[PDB]
Amino acid sequence: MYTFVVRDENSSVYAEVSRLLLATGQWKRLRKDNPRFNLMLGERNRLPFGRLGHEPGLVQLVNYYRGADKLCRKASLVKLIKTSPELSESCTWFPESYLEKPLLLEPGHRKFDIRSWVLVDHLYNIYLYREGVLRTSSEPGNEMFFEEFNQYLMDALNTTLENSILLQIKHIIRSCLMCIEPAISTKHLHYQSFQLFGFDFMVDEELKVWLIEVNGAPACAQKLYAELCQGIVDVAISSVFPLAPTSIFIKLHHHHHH
Amino acid sequence: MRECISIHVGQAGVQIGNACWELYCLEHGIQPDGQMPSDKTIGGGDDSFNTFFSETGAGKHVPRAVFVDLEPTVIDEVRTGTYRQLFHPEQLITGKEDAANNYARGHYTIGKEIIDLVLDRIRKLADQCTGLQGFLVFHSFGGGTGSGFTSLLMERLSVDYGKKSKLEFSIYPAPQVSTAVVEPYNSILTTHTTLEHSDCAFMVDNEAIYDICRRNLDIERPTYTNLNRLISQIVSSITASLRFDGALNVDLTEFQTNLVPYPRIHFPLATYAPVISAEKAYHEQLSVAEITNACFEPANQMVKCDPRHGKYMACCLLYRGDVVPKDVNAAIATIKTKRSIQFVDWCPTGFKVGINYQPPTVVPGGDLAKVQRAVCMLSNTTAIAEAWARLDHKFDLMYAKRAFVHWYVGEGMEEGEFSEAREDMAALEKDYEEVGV
Amino acid sequence: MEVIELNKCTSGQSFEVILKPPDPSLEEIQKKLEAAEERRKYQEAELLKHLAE
Amino acid sequence: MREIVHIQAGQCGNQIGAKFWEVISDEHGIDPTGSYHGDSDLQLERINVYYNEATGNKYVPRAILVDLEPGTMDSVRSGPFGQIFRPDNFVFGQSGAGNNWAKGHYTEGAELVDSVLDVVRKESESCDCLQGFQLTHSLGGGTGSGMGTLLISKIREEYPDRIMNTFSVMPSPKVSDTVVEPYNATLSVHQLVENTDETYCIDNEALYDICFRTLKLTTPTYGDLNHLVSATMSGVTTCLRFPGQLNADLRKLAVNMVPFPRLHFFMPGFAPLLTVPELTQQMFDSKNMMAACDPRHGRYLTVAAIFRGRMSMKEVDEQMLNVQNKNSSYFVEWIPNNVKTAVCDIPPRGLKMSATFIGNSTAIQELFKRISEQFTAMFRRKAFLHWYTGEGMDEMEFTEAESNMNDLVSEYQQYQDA
Ligand SMILES: Nc1nc2c(ncn2[C@@H]2O[C@H](COP(=O)(O)OP(=O)(O)OP(=O)(O)O)[C@@H](O)[C@H]2O)c(=O)[nH]1
Ligand SMILES: Nc1nc2c(ncn2[C@@H]2O[C@H](COP(=O)(O)OP(=O)(O)O)[C@@H](O)[C@H]2O)c(=O)[nH]1
Ligand SMILES: [Ca+2]
Ligand SMILES: [Ca+2]
Ligand SMILES: [Cl-]
Ligand SMILES: [Mg+2]
Ligand SMILES: [Mg+2]
Ligand SMILES: [Mg+2]
């Protein structure tokens, strides 16, 4: 019988994850400050990473990466992309730190920003949820999902979402995450980590993707909470705490020799 | 040649003490009966090992050590053990009735009874020192003697030897081997009282040592005997510079200078490698590159914490065995580009290195395998403050209900000292927070 | 990466490599001890008194 | 902190004390003549904790046998190990105590108590370092209950800084001798709350139910109940009788087990009545508790487990860590790591391995409520009081005892909600 603790009640996502764990009759919820837990759905600020992995007889796992805020903080991210040699001053996909020439959907002559959900498990596998969403201005949901935004591209521009956009997105995600892996990985650490991230993008008229910001405590599109959350417990929680397809995630792996 | 006297307090200190001296003797080629063939200056000398051993006309090398415990059963083992001949009876002091895992009992009640005797038996060692450096105090945080009597001793050493340096080897409490529920209390109480009187303290968390034994020595359920031998090795590396010809950390003052910018932040993290099973049929010897790399694995530290999420104020590398600078530099070259090694912006991001060509010595019939090179890394990282955090939380939980507090007040202490000691620890956790920011 | 202050002897060597530049008195203790001692003696007195009652 | 002085008082007290000595004597390789015939030497390594050394390498129990009538003590002096006790350490009157606490505490007992303290004294004076006293007795009679708590008070006076530990058999209607047992028990509990550091609450209810439902004995005798008791007493004292690091003496035990001075009444448990997993499940279930309380009706403040025999230390620790992790609700959150485990290589007689449980649970309040309920049912109507007022006692004394125990129950409850 695996035990877990909830320390963030405002979490749209993990509140749903909690429901699923109870719904498997093989996970029981302890009081928020009981230390004898397997899993911690910890708080948003001042998560006491210092008191994890110190309970003998318990494999302990938490749903946040200590240090990942460097990515999730406007000022930190910007600082990270410059100083970080691997990212370089170079890197086409990041604004100098506004887009005067964004892409536009028709009818409506409207702009938008893309949101992709990424899961990084304890082994630092990078998983990209096959479903994203667009937050559009209905002025010259508003929620636009891939199937139809893919269909639109095949019509308006004679191309696909995969080719014109999703290749760069996967590149940006892989670049930002594998850049800070040495600072946050829990590979030989006394506790384990996983975390759901939200990346926000822009697409200029030339169909070039641009990174906006990264959120470490993202919500989800209403109808997707179900599918995504099941995936979170599937590949991030059940993987460390096994129970007694067609994955919804694209495993971002790429090893070019040179 | 300046002498160094060791003081082993309580069961942990005594039992760990007995292991270090067994090791030292093996390392300096000193036999149980105390004879030392390779030593040619009979009944005298100012060699490097004379800082830890004195000589008698009969050619016996006597540890400059005092064992203290408020109960005799543990020290009685020394009196009758393999090295009974080594020590002189005056060096082994025992009381009748222990502190019952109670700081207040060890400090106030029973401490007052036995303190003066101890200071005398120590004075007798000091009188035989031409240039005493200071003391190395070994003890636990959790024991009543180890916590309560030690801090009294430390207070009084600072009086009777105000100029001398005092180093600490402290066993930080771990439930997997802890013997008491109140060890959090004792830990804070002894830290608060000893803080100003300790120049440099090396914390060894039994949790970390326990797992290293399981993980690397394939020991199902480690005993103190296992724990103490790994601990003895780490201690040996740290004191080797004082016992062998060298130029790094040659005296107790140098430890302070090289590892302790701020007085209150005097708890250097130690990391040791490699630790290999003796019952290991086939082993492939590790290089400078590999062992220097392990020094940055939390799984090899004496305290489980994450330096990646803190800043360094100093870092010091002590090698033993087949090593030369080029290899160390080249190993450091690589490591820097593959790790998150961040110093406080107001310090040089460098490494003070020391190599003793003599590879680590292991006890015959021990769990540790012989290696050709090893390394202990002392680094003052703010990350070790995680250990104060864990402790301060456990303390807060119990004290909130005043659980067990009556046992301390009953011995003459006062609830006040509980909250004073806790506030000071709150300061410590903040001082680390600033430096570390 | 500058190696400095290299020292060599028969049993090893040391050096430094830099990567990048930037008390209570005797009386004072006896009183606390005696202060606690009396508090003990007092509590014992209260007990023996209570028993006497 | 080496020698313990053992005192046994009254019929019950002497009957369980006699078995305790027979049992541990066996474990330590001592025979009825006092001669050692053991194969191991762990048997002798701490033999001084309970035995003195007499002439001719004879070990004599540091035991003092008390009673206001001769019968039961004459019975002991005839039993198997009857010749092992120092003849001088038999102290008895002729009048008896008539199952009356007042007679044991105030009248018949007062007359006998000094001669007992004379023996207690000579045993103490030849102690290299006495740690404290352990008393065995019932709380429902008169000698063990009334004189026993009288002894405790005097002993504390003459040894204020030593540890007082008792094995106290609580009365139950299911195994009753007289109707005034709730009076005697209530009066004693009040003495115990003030004058002991640790008390093992051995409930005659629990002991009977265990003999009937589990051991399947259709009609159990006091002898049967005393088989369980002597076995439990063996287990809970193992850490004091053999080389160990946990609760190795009475004071360290008290420091680990008693977070608040008044809450020192323990719930013992034993198993079996066999893999490490099976030991660890049984020792923890109600049906192995020697106090008729449901631990699931309260929370644990502290717990002391002891495993005996050759077994895997790794598995013990796995099993102990797992019981807590899987019921972490019943252990209080404000005392980190309140469960301590010990292991001893020497198992009891006839068993390959066993486990002994000692729990400071807040469910223990149920035992005090039961007594309080019985006590009140009679006191309300002042029934059977004349037996006590005839010895000089006043109602006021009863009203206090009732109140002081009600408090005790209120304390256990407040810490169950914290
Ligand atoms: N590493 C190691 N830890 C020990 C050893 N002995 C005891 N400890 C630890 O020390 C703590 C208990 O303190 P002790 O040193 O045993 O007790 P003490 O200092 O003798 O004080 P009292 O016995 O209470 O008078 C526990 O946390 C133990 O895990 C040892 O030999 N090696
Ligand atoms: N378990 C057990 N309980 C006993 C025994 N003898 C008496 N009792 C209980 O103790 C109470 C009677 O007290 P007892 O010791 O006989 O009277 P005392 O000699 O005046 O102290 C009742 O609750 C009995 O059930 C015994 O041998 N074993
Ligand atoms: Ca010499
Ligand atoms: Ca008379
Ligand atoms: Cl001086
Ligand atoms: Mg924003
Ligand atoms: Mg001890
Ligand atoms: Mg009777």
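The header says X-ray crystallography, 2.6 Å.
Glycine residues also receive a Cβ, built from the backbone N, Cα and C atoms like all the rest.
What Swiss-Prot says about this one:
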- B:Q11, B:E71, B:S140, B:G144, B:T145, B:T179, B:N206, B:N228: GTP binding site (BINDING)
- B:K40: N6-acetyllysine (MOD_RES)
- B:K40: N6,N6,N6-trimethyllysine (MOD_RES)
- B:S48: phosphoserine (MOD_RES)
- B:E71: Mg(2+) binding site (BINDING)
- B:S232: phosphoserine (MOD_RES)
- B:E254: active site (ACT_SITE)
- B:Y282: 3'-nitrotyrosine (MOD_RES)
- B:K326: ubiquitin cross-link (CROSSLNK)
- B:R339: omega-N-methylarginine (MOD_RES)
- B:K370: ubiquitin cross-link (CROSSLNK)
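Overlay of Swiss-Prot feature records on the structure.
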{"residue": "B:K40", "record": "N6-acetyllysine", "CB count, 10 Å": "8"}
{"residue": "B:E71", "record": "GTP binding site", "CB count, 10 Å": "24"}
{"residue": "B:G144", "record": "GTP binding site", "CB count, 10 Å": "34"}
{"residue": "B:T179", "record": "GTP binding site", "CB count, 10 Å": "22"}
{"residue": "B:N206", "record": "GTP binding site", "CB count, 10 Å": "24"}
{"residue": "B:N228", "record": "GTP binding site", "CB count, 10 Å": "23"}
{"residue": "B:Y282", "record": "3'-nitrotyrosine", "CB count, 10 Å": "4"}
{"residue": "B:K326", "record": "ubiquitin cross-link", "CB count, 10 Å": "10"}
{"residue": "B:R339", "record": "omega-N-methylarginine", "CB count, 10 Å": "15"}
{"residue": "B:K370", "record": "ubiquitin cross-link", "CB count, 10 Å": "14"}
Q. Taking the recorded positions B:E71, B:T145, B:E254, B:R339, B:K370, which residues show a Cβ-atom distance to ligand 4 below 6 Å?
A. none
Q: Name the recorded positions, out of B:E71, B:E254, B:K370, that lie close to chain D, meaning a Cβ-Cβ distance under 8 Å, keeping sequence order and answering 'none' if none do.
A: B:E71
Q. Between B:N206 (GTP binding site) and B:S232 (phosphoserine), what is the CA-CA distance rounded to a whole number of Å?
A. 13
**Q.** Cβ neighbours of B:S48 (phosphoserine) where a neighbour is any other Cβ within 10 Å
**A.** 18
Q) Near chain A, which of the recorded positions B:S48, B:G144, B:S232 can you find when the cut-off is a Cβ distance under 8 Å? A) none
Q: Let me know the largest Cα to Cα distance in Å among the GTP-binding residues B:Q11, B:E71, B:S140, B:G144, B:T145, B:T179, B:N206, B:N228, as an integer.
A: 23
Q. If you measure from the Cα of B:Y282 (3'-nitrotyrosine), which of the binding-site residues B:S140, B:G144, B:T145 is the nearest?
A. B:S140
Q. In the structure shown, which of the recorded positions B:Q11, B:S140, B:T145, B:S232, B:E254 has the fewest Cβ neighbours within 10 Å?
A. B:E254
Q | Reduced DSSP assignment, B:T145 (GTP binding site) | A | helix
Q) In angstrom units, rounded to an integer, how far apart are the Cα atoms of B:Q11 (GTP binding site) and B:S232 (phosphoserine)? A) 15
Q: Reduce the DSSP letter at B:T179 (GTP binding site) to three states and note it down.
A: coil
Q) In whole Å, how far is B:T145 (GTP binding site) from B:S48 (phosphoserine) when you measure between their Cα atoms? A) 32
Q. For B:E71 (GTP binding site), which of the recorded positions B:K40, B:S232, B:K326, B:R339 has the nearest Cα in space?
A. B:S232
Q | Whole-number Å value for how far the residue listed as 'active site' lies from the residue listed as 'omega-N-methylarginine' (Cα to Cα) | A | 28
Q.
Quick check: of the recorded positions listed here (B:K40, B:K326, B:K370), which one has the Cα closest to that of B:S140 (GTP binding site)?
A. B:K370
Q: Based on Cα distances to the residue listed as 'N6-acetyllysine', point out the closest of the recorded positions B:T145, B:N228, B:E254.
A: B:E254
